[PDB]
Amino acid sequence: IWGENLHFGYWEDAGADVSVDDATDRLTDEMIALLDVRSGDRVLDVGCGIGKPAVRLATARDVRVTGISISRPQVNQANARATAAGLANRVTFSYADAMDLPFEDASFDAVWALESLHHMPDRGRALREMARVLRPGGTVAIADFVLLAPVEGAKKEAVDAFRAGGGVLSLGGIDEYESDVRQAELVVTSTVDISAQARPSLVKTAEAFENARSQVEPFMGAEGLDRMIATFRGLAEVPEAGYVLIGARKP
Ligand SMILES: Nc1ncnc2c1ncn2[C@@H]1O[C@H](CSCC[C@H](N)C(=O)O)[C@@H](O)[C@H]1O
């Protein structure tokens, strides 16, 4: 239930009143730049959520996006959002699992995964499927949260809590993400630790929900809403809790 409810953002100032929606859009902008895409390419987006990132990509570059998810409501919302921005000709969404993708080999010019791989019960599988469907010359972009070091006591306690409510089936170090990418026979072009920029998202979104307590409360219940706010505030204070951007390429 804390899965499709937290979207990390890119924060730079320490001292500018930008919205949670502002920081999320900036992060997306780093991913757009990190894919390396030009007029006429095709892009696969794995774990599309409700479609915001894919619509932003389409507003920025002239490409075909297809988005993928294992939650039926989300596919319907994403498609409505696409049809609503008039991008139905090129932006489209369907229901499929990244552990077994139903696409032709070498279909896409590019692929991306924004905050989705930590759900997969096995990152390797997913990345292998992703390489299998990119054409040689094709590029990849990953954005996800990581554990920079092993933890204990109350630090481990605050991390576990987060994984429970967000369904984080596999959390790992950067070094682990890298060799997962290398196993799929992709070449790694950049890896950047953006912890310091991503961190503020946690307290800042705890605040947002608070402001909306009486309008979200009936959907989640009081105690559920409280545990989610508490769990973010705990995670914010464990500095072993990190975030990384990774670009990669197919020989
Ligand atoms: N095994 C899997 N295969 C394909 N999609 C999956 C998956 N496991 C989880 N997902 C989907 O991936 C998403 C992860 S949350 C990612 C949010 C999205 N990037 C956004 O900001 O809009 C969820 O929508 C979830 O339904």
# chains A, B, ... in the order shown; residues from 1 in each chain; ligands from 1

$ residues_near_ligand --ligand "ligand 1" --cutoff "7 Å" --atoms "only C-alpha atoms and all ligand atoms" --output "list in words"
residues 3, 4, 7, 46, 47, 48, 49, 50, 51, 52, 53, 68, 69, 70, 71, 74, 96, 97, 98, 99, 113, 114, 115, 116, 119 and 120 of chain A

$ closest_atom_pairs --of "segment 69-152 of chain A" --to "segment 220-239 of chain A" --cutoff "10 Å" --atoms "only C-alpha atoms" --output "Markdown table"
| residue | atom | partner | partner_atom | distance |
| --- | --- | --- | --- | --- |
| A:147 | CA | A:239 | CA | 9.2 |
| A:148 | CA | A:239 | CA | 8.5 |
| A:149 | CA | A:239 | CA | 9.2 |
| A:151 | CA | A:238 | CA | 9.1 |

$ closest_atom_pairs --of "segment 173-214 of chain A" --to "segment 241-249 of chain A" --cutoff "7 Å" --atoms "only C-alpha atoms" --output "Markdown table"
| residue | atom | partner | partner_atom | distance |
| --- | --- | --- | --- | --- |
| A:186 | CA | A:249 | CA | 5.6 |
| A:187 | CA | A:249 | CA | 5.1 |
| A:188 | CA | A:248 | CA | 4.2 |
| A:189 | CA | A:248 | CA | 4.9 |
| A:190 | CA | A:247 | CA | 5.0 |
| A:191 | CA | A:246 | CA | 4.3 |
| A:192 | CA | A:245 | CA | 5.2 |
| A:193 | CA | A:244 | CA | 4.6 |
| A:194 | CA | A:244 | CA | 5.5 |
| A:195 | CA | A:242 | CA | 4.8 |
| A:198 | CA | A:243 | CA | 6.6 |

$ write_last_selection --atoms "N, CA and C atoms" --output "JSON list (two decimals), in the first residue's frame"
[["chain", "number", "residue", "atom", "x", "y", "z"],
["A", 186, "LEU", "N", 24.78, -6.43, -20.81],
["A", 186, "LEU", "CA", 24.72, -5.02, -21.12],
["A", 186, "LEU", "C", 25.97, -4.36, -20.58],
["A", 187, "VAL", "N", 26.43, -3.33, -21.28],
["A", 187, "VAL", "CA", 27.57, -2.54, -20.86],
["A", 187, "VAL", "C", 27.03, -1.39, -20.05],
["A", 188, "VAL", "N", 27.70, -1.10, -18.94],
["A", 188, "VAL", "CA", 27.28, -0.04, -18.03],
["A", 188, "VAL", "C", 28.00, 1.24, -18.40],
["A", 189, "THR", "N", 27.24, 2.27, -18.75],
["A", 189, "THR", "CA", 27.81, 3.56, -19.19],
["A", 189, "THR", "C", 27.95, 4.65, -18.10],
["A", 190, "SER", "N", 27.05, 4.64, -17.10],
["A", 190, "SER", "CA", 27.17, 5.52, -15.90],
["A", 190, "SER", "C", 26.36, 5.01, -14.71],
["A", 191, "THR", "N", 26.87, 5.28, -13.52],
["A", 191, "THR", "CA", 26.16, 4.98, -12.28],
["A", 191, "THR", "C", 26.42, 6.16, -11.34],
["A", 192, "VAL", "N", 25.35, 6.80, -10.88],
["A", 192, "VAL", "CA", 25.47, 8.02, -10.05],
["A", 192, "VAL", "C", 24.63, 7.91, -8.79],
["A", 193, "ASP", "N", 25.28, 8.06, -7.65],
["A", 193, "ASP", "CA", 24.62, 8.02, -6.35],
["A", 193, "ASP", "C", 23.98, 9.37, -6.08],
["A", 194, "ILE", "N", 22.66, 9.42, -6.15],
["A", 194, "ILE", "CA", 21.94, 10.67, -5.89],
["A", 194, "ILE", "C", 21.17, 10.67, -4.53],
["A", 195, "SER", "N", 21.76, 10.01, -3.54],
["A", 195, "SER", "CA", 21.13, 9.89, -2.25],
["A", 195, "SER", "C", 20.83, 11.26, -1.72],
["A", 198, "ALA", "N", 17.89, 12.75, -3.37],
["A", 198, "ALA", "CA", 16.65, 11.98, -3.30],
["A", 198, "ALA", "C", 16.03, 11.95, -1.89]]

$ closest_residue --among "A:20, A:141, A:131, A:63" --to "residue 206 of chain A" --atoms "only C-alpha atoms"
A:20

$ select_by_dssp --residues "segment 27-219 of chain A" --states "alpha helix (DSSP H)" --output "MDAnalysis selection string"
chainID A and resid 27:34 52:60 72:84 123:131 153:166 174:183 195:198 201:211 213:219

$ write_last_selection --atoms "C-alpha atoms" --output "PDB file, in the first residue's frame"
ATOM      1  CA  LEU A  27      13.927  13.182 -11.544  1.00  0.00           C
ATOM      2  CA  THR A  28      12.018  12.052 -14.622  1.00  0.00           C
ATOM      3  CA  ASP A  29      13.980  14.726 -16.569  1.00  0.00           C
ATOM      4  CA  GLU A  30      17.288  13.076 -15.500  1.00  0.00           C
ATOM      5  CA  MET A  31      15.926   9.752 -16.772  1.00  0.00           C
ATOM      6  CA  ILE A  32      14.923  11.335 -20.115  1.00  0.00           C
ATOM      7  CA  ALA A  33      18.457  12.633 -20.548  1.00  0.00           C
ATOM      8  CA  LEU A  34      19.931   9.284 -19.520  1.00  0.00           C
ATOM      9  CA  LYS A  52       2.859  10.108 -15.512  1.00  0.00           C
ATOM     10  CA  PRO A  53       6.557   9.447 -16.375  1.00  0.00           C
ATOM     11  CA  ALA A  54       5.643   7.986 -19.794  1.00  0.00           C
ATOM     12  CA  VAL A  55       3.442  10.959 -20.694  1.00  0.00           C
ATOM     13  CA  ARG A  56       6.283  13.330 -19.714  1.00  0.00           C
ATOM     14  CA  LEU A  57       8.670  11.417 -21.990  1.00  0.00           C
ATOM     15  CA  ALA A  58       6.205  11.707 -24.854  1.00  0.00           C
ATOM     16  CA  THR A  59       5.781  15.456 -24.266  1.00  0.00           C
ATOM     17  CA  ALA A  60       9.564  15.841 -24.508  1.00  0.00           C
ATOM     18  CA  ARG A  72      -5.112  -3.854 -13.903  1.00  0.00           C
ATOM     19  CA  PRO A  73      -6.635  -0.590 -12.498  1.00  0.00           C
ATOM     20  CA  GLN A  74      -3.268   1.159 -13.151  1.00  0.00           C
ATOM     21  CA  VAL A  75      -3.221   0.067 -16.838  1.00  0.00           C
ATOM     22  CA  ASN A  76      -6.749   1.503 -17.288  1.00  0.00           C
ATOM     23  CA  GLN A  77      -5.810   4.766 -15.525  1.00  0.00           C
ATOM     24  CA  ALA A  78      -2.616   5.096 -17.594  1.00  0.00           C
ATOM     25  CA  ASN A  79      -4.539   4.577 -20.830  1.00  0.00           C
ATOM     26  CA  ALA A  80      -7.192   7.143 -19.854  1.00  0.00           C
ATOM     27  CA  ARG A  81      -4.441   9.640 -18.953  1.00  0.00           C
ATOM     28  CA  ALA A  82      -2.867   8.979 -22.376  1.00  0.00           C
ATOM     29  CA  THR A  83      -6.157   9.377 -24.231  1.00  0.00           C
ATOM     30  CA  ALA A  84      -6.791  12.507 -22.118  1.00  0.00           C
ATOM     31  CA  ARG A 123      16.356  -8.556 -10.582  1.00  0.00           C
ATOM     32  CA  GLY A 124      18.526 -10.750 -12.854  1.00  0.00           C
ATOM     33  CA  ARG A 125      15.557 -12.325 -14.647  1.00  0.00           C
ATOM     34  CA  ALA A 126      13.967  -8.937 -15.342  1.00  0.00           C
ATOM     35  CA  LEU A 127      17.164  -7.319 -16.652  1.00  0.00           C
ATOM     36  CA  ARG A 128      17.748 -10.434 -18.869  1.00  0.00           C
ATOM     37  CA  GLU A 129      14.273 -10.046 -20.354  1.00  0.00           C
ATOM     38  CA  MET A 130      14.964  -6.353 -20.844  1.00  0.00           C
ATOM     39  CA  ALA A 131      18.252  -7.058 -22.762  1.00  0.00           C
ATOM     40  CA  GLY A 153      19.196  -2.564  15.662  1.00  0.00           C
ATOM     41  CA  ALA A 154      16.746   0.307  15.112  1.00  0.00           C
ATOM     42  CA  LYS A 155      18.319   1.074  11.714  1.00  0.00           C
ATOM     43  CA  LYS A 156      17.426  -2.416  10.495  1.00  0.00           C
ATOM     44  CA  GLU A 157      14.024  -1.997  12.193  1.00  0.00           C
ATOM     45  CA  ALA A 158      13.194   1.166  10.243  1.00  0.00           C
ATOM     46  CA  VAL A 159      14.349  -0.376   6.950  1.00  0.00           C
ATOM     47  CA  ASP A 160      12.303  -3.591   7.355  1.00  0.00           C
ATOM     48  CA  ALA A 161       9.121  -1.551   8.110  1.00  0.00           C
ATOM     49  CA  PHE A 162       9.585   0.333   4.811  1.00  0.00           C
ATOM     50  CA  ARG A 163       9.959  -2.867   2.771  1.00  0.00           C
ATOM     51  CA  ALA A 164       6.836  -4.410   4.281  1.00  0.00           C
ATOM     52  CA  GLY A 165       4.549  -1.534   3.310  1.00  0.00           C
ATOM     53  CA  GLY A 166       6.163  -0.853  -0.068  1.00  0.00           C
ATOM     54  CA  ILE A 174      24.987  -0.430  -6.129  1.00  0.00           C
ATOM     55  CA  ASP A 175      27.709  -3.010  -6.746  1.00  0.00           C
ATOM     56  CA  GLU A 176      24.973  -5.670  -6.834  1.00  0.00           C
ATOM     57  CA  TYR A 177      22.854  -3.641  -9.340  1.00  0.00           C
ATOM     58  CA  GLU A 178      25.905  -3.250 -11.574  1.00  0.00           C
ATOM     59  CA  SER A 179      26.751  -6.979 -11.860  1.00  0.00           C
ATOM     60  CA  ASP A 180      23.045  -7.728 -12.375  1.00  0.00           C
ATOM     61  CA  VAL A 181      23.196  -5.393 -15.404  1.00  0.00           C
ATOM     62  CA  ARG A 182      26.523  -6.959 -16.509  1.00  0.00           C
ATOM     63  CA  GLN A 183      25.062 -10.467 -16.301  1.00  0.00           C
ATOM     64  CA  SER A 195      21.132   9.886  -2.252  1.00  0.00           C
ATOM     65  CA  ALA A 196      21.751  13.441  -1.084  1.00  0.00           C
ATOM     66  CA  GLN A 197      19.283  14.733  -3.732  1.00  0.00           C
ATOM     67  CA  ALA A 198      16.649  11.984  -3.300  1.00  0.00           C
ATOM     68  CA  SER A 201      11.418  13.161  -0.598  1.00  0.00           C
ATOM     69  CA  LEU A 202      10.751  11.145   2.516  1.00  0.00           C
ATOM     70  CA  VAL A 203       9.959  13.868   5.079  1.00  0.00           C
ATOM     71  CA  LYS A 204       8.476  16.065   2.346  1.00  0.00           C
ATOM     72  CA  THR A 205       5.880  13.496   1.322  1.00  0.00           C
ATOM     73  CA  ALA A 206       5.101  12.597   4.935  1.00  0.00           C
ATOM     74  CA  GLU A 207       4.143  16.285   5.152  1.00  0.00           C
ATOM     75  CA  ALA A 208       1.968  16.204   1.996  1.00  0.00           C
ATOM     76  CA  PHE A 209      -0.204  13.356   3.281  1.00  0.00           C
ATOM     77  CA  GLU A 210      -0.589  15.112   6.629  1.00  0.00           C
ATOM     78  CA  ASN A 211      -2.042  18.128   4.829  1.00  0.00           C
ATOM     79  CA  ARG A 213      -5.193  13.631   6.176  1.00  0.00           C
ATOM     80  CA  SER A 214      -8.959  14.155   6.043  1.00  0.00           C
ATOM     81  CA  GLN A 215      -9.188  13.386   2.312  1.00  0.00           C
ATOM     82  CA  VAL A 216      -6.934  10.312   2.183  1.00  0.00           C
ATOM     83  CA  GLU A 217      -7.912   8.914   5.637  1.00  0.00           C
ATOM     84  CA  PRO A 218     -11.158   7.352   4.388  1.00  0.00           C
ATOM     85  CA  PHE A 219      -9.288   5.376   1.686  1.00  0.00           C
TER      86      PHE A 219
END

$ select_by_dssp --residues "segment 121-220 of chain A" --states "strand (DSSP E)" --output "ChimeraX atom specification"
/A:134-147,187-193

$ write_last_selection --atoms "N, CA, C and O atoms" --output "PDB file, in the first residue's frame"
ATOM      1  N   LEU A 134      15.682  -5.356 -26.340  1.00  0.00           N
ATOM      2  CA  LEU A 134      16.410  -4.236 -26.881  1.00  0.00           C
ATOM      3  C   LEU A 134      17.188  -4.674 -28.146  1.00  0.00           C
ATOM      4  O   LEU A 134      17.679  -5.814 -28.236  1.00  0.00           O
ATOM      5  N   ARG A 135      17.297  -3.775 -29.122  1.00  0.00           N
ATOM      6  CA  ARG A 135      18.083  -4.068 -30.314  1.00  0.00           C
ATOM      7  C   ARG A 135      19.546  -3.659 -30.059  1.00  0.00           C
ATOM      8  O   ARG A 135      19.798  -2.755 -29.249  1.00  0.00           O
ATOM      9  N   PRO A 136      20.520  -4.341 -30.710  1.00  0.00           N
ATOM     10  CA  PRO A 136      21.911  -3.924 -30.500  1.00  0.00           C
ATOM     11  C   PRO A 136      22.056  -2.435 -30.820  1.00  0.00           C
ATOM     12  O   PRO A 136      21.416  -1.940 -31.752  1.00  0.00           O
ATOM     13  N   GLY A 137      22.861  -1.730 -30.033  1.00  0.00           N
ATOM     14  CA  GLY A 137      22.900  -0.277 -30.106  1.00  0.00           C
ATOM     15  C   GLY A 137      21.956   0.402 -29.126  1.00  0.00           C
ATOM     16  O   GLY A 137      22.141   1.576 -28.803  1.00  0.00           O
ATOM     17  N   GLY A 138      20.944  -0.334 -28.650  1.00  0.00           N
ATOM     18  CA  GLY A 138      19.915   0.190 -27.730  1.00  0.00           C
ATOM     19  C   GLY A 138      20.414   0.538 -26.333  1.00  0.00           C
ATOM     20  O   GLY A 138      21.438  -0.005 -25.894  1.00  0.00           O
ATOM     21  N   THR A 139      19.684   1.422 -25.639  1.00  0.00           N
ATOM     22  CA  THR A 139      20.106   1.961 -24.325  1.00  0.00           C
ATOM     23  C   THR A 139      19.116   1.628 -23.201  1.00  0.00           C
ATOM     24  O   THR A 139      17.943   1.308 -23.460  1.00  0.00           O
ATOM     25  N   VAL A 140      19.593   1.711 -21.958  1.00  0.00           N
ATOM     26  CA  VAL A 140      18.780   1.403 -20.788  1.00  0.00           C
ATOM     27  C   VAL A 140      18.949   2.482 -19.714  1.00  0.00           C
ATOM     28  O   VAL A 140      20.022   3.072 -19.574  1.00  0.00           O
ATOM     29  N   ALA A 141      17.881   2.739 -18.967  1.00  0.00           N
ATOM     30  CA  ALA A 141      17.931   3.640 -17.816  1.00  0.00           C
ATOM     31  C   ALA A 141      17.252   3.030 -16.585  1.00  0.00           C
ATOM     32  O   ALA A 141      16.086   2.603 -16.634  1.00  0.00           O
ATOM     33  N   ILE A 142      17.993   2.980 -15.482  1.00  0.00           N
ATOM     34  CA  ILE A 142      17.423   2.505 -14.217  1.00  0.00           C
ATOM     35  C   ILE A 142      17.428   3.606 -13.154  1.00  0.00           C
ATOM     36  O   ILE A 142      18.386   4.377 -13.063  1.00  0.00           O
ATOM     37  N   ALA A 143      16.343   3.688 -12.380  1.00  0.00           N
ATOM     38  CA  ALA A 143      16.287   4.536 -11.177  1.00  0.00           C
ATOM     39  C   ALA A 143      15.672   3.718 -10.057  1.00  0.00           C
ATOM     40  O   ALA A 143      14.587   3.167 -10.219  1.00  0.00           O
ATOM     41  N   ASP A 144      16.362   3.607  -8.928  1.00  0.00           N
ATOM     42  CA  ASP A 144      15.827   2.818  -7.818  1.00  0.00           C
ATOM     43  C   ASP A 144      16.500   3.128  -6.487  1.00  0.00           C
ATOM     44  O   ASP A 144      17.572   3.761  -6.466  1.00  0.00           O
ATOM     45  N   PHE A 145      15.887   2.704  -5.375  1.00  0.00           N
ATOM     46  CA  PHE A 145      16.569   2.871  -4.086  1.00  0.00           C
ATOM     47  C   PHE A 145      17.375   1.665  -3.629  1.00  0.00           C
ATOM     48  O   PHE A 145      17.011   0.518  -3.899  1.00  0.00           O
ATOM     49  N   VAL A 146      18.463   1.951  -2.915  1.00  0.00           N
ATOM     50  CA  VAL A 146      19.518   0.976  -2.608  1.00  0.00           C
ATOM     51  C   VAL A 146      19.929   1.013  -1.143  1.00  0.00           C
ATOM     52  O   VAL A 146      19.657   1.983  -0.438  1.00  0.00           O
ATOM     53  N   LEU A 147      20.618  -0.033  -0.701  1.00  0.00           N
ATOM     54  CA  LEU A 147      21.181  -0.074   0.636  1.00  0.00           C
ATOM     55  C   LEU A 147      22.700  -0.023   0.528  1.00  0.00           C
ATOM     56  O   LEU A 147      23.338  -1.030   0.245  1.00  0.00           O
ATOM     57  N   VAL A 187      26.430  -3.329 -21.284  1.00  0.00           N
ATOM     58  CA  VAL A 187      27.571  -2.543 -20.858  1.00  0.00           C
ATOM     59  C   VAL A 187      27.033  -1.387 -20.047  1.00  0.00           C
ATOM     60  O   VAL A 187      26.026  -0.785 -20.410  1.00  0.00           O
ATOM     61  N   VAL A 188      27.702  -1.095 -18.940  1.00  0.00           N
ATOM     62  CA  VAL A 188      27.275  -0.044 -18.027  1.00  0.00           C
ATOM     63  C   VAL A 188      28.003   1.242 -18.397  1.00  0.00           C
ATOM     64  O   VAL A 188      29.230   1.299 -18.343  1.00  0.00           O
ATOM     65  N   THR A 189      27.237   2.275 -18.749  1.00  0.00           N
ATOM     66  CA  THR A 189      27.809   3.564 -19.194  1.00  0.00           C
ATOM     67  C   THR A 189      27.945   4.651 -18.096  1.00  0.00           C
ATOM     68  O   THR A 189      28.828   5.502 -18.186  1.00  0.00           O
ATOM     69  N   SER A 190      27.051   4.644 -17.100  1.00  0.00           N
ATOM     70  CA  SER A 190      27.168   5.519 -15.902  1.00  0.00           C
ATOM     71  C   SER A 190      26.359   5.006 -14.714  1.00  0.00           C
ATOM     72  O   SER A 190      25.311   4.351 -14.889  1.00  0.00           O
ATOM     73  N   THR A 191      26.869   5.285 -13.517  1.00  0.00           N
ATOM     74  CA  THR A 191      26.160   4.981 -12.282  1.00  0.00           C
ATOM     75  C   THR A 191      26.419   6.159 -11.343  1.00  0.00           C
ATOM     76  O   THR A 191      27.566   6.498 -11.085  1.00  0.00           O
ATOM     77  N   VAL A 192      25.353   6.803 -10.875  1.00  0.00           N
ATOM     78  CA  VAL A 192      25.471   8.022 -10.053  1.00  0.00           C
ATOM     79  C   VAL A 192      24.627   7.909  -8.790  1.00  0.00           C
ATOM     80  O   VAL A 192      23.410   7.667  -8.853  1.00  0.00           O
ATOM     81  N   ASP A 193      25.282   8.060  -7.646  1.00  0.00           N
ATOM     82  CA  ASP A 193      24.624   8.016  -6.353  1.00  0.00           C
ATOM     83  C   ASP A 193      23.978   9.365  -6.085  1.00  0.00           C
ATOM     84  O   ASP A 193      24.661  10.336  -5.820  1.00  0.00           O
TER      85      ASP A 193
END

$ atom_distance --atom1 "atom CA of residue 38 of chain A" --atom2 "atom CA of residue 21 of chain A"
26.0 Å

$ closest_residue --among "A:132, A:240, A:89, A:199" --to "residue 152 of chain A" --atoms "only C-alpha atoms"
A:240

$ residues_around --residues "residue 24 of chain A" --least-positions-apart "6" --cutoff "8 Å" --atoms "only C-alpha atoms" --output "list in words"
residues 7, 8, 9 and 10 of chain A

$ residues_around --residues "residue 42 of chain A" --least-positions-apart "4" --cutoff "10 Å" --atoms "only C-alpha atoms" --output "PyMOL selection string"
chain A and resi 37-38+62-66+90+107-111+134

$ write_last_selection --atoms "N, CA and C atoms" --output "compact mmCIF listing (two decimals), in the first residue's frame"
# COMPACT_ATOMS: atom_id res chain seq x y z
N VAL A 37 17.63 9.23 -26.66
CA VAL A 37 16.60 8.89 -27.62
C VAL A 37 16.33 10.00 -28.67
N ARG A 38 16.02 9.59 -29.90
CA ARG A 38 15.76 10.57 -30.97
C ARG A 38 14.49 10.30 -31.78
N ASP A 62 9.82 12.73 -29.48
CA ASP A 62 8.86 12.18 -30.44
C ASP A 62 9.12 10.69 -30.63
N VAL A 63 8.64 9.90 -29.67
CA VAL A 63 8.85 8.45 -29.68
C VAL A 63 7.56 7.69 -29.42
N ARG A 64 7.60 6.37 -29.61
CA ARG A 64 6.49 5.50 -29.22
C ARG A 64 6.82 4.88 -27.87
N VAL A 65 5.96 5.11 -26.89
CA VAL A 65 6.09 4.47 -25.59
C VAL A 65 5.06 3.33 -25.52
N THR A 66 5.47 2.16 -25.03
CA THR A 66 4.52 1.18 -24.49
C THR A 66 4.88 0.88 -23.02
N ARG A 90 0.30 7.24 -30.13
CA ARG A 90 1.61 6.67 -29.85
C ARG A 90 1.87 6.11 -28.44
N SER A 107 12.86 -5.52 -30.26
CA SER A 107 11.74 -4.67 -30.65
C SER A 107 11.99 -3.18 -30.40
N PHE A 108 12.59 -2.87 -29.25
CA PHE A 108 12.71 -1.48 -28.81
C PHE A 108 14.09 -0.87 -29.04
N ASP A 109 14.10 0.43 -29.31
CA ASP A 109 15.33 1.18 -29.43
C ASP A 109 15.83 1.52 -28.01
N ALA A 110 14.90 1.59 -27.06
CA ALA A 110 15.26 1.87 -25.67
C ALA A 110 14.30 1.27 -24.64
N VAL A 111 14.81 1.11 -23.42
CA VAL A 111 14.01 0.59 -22.32
C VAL A 111 14.33 1.35 -21.04
N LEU A 134 15.68 -5.36 -26.34
CA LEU A 134 16.41 -4.24 -26.88
C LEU A 134 17.19 -4.67 -28.15

$ atom_distance --atom1 "atom CA of residue 44 of chain A" --atom2 "atom CA of residue 105 of chain A"
12.6 Å

$ atom_distance --atom1 "atom CA of residue 2 of chain A" --atom2 "atom CA of residue 23 of chain A"
18.6 Å
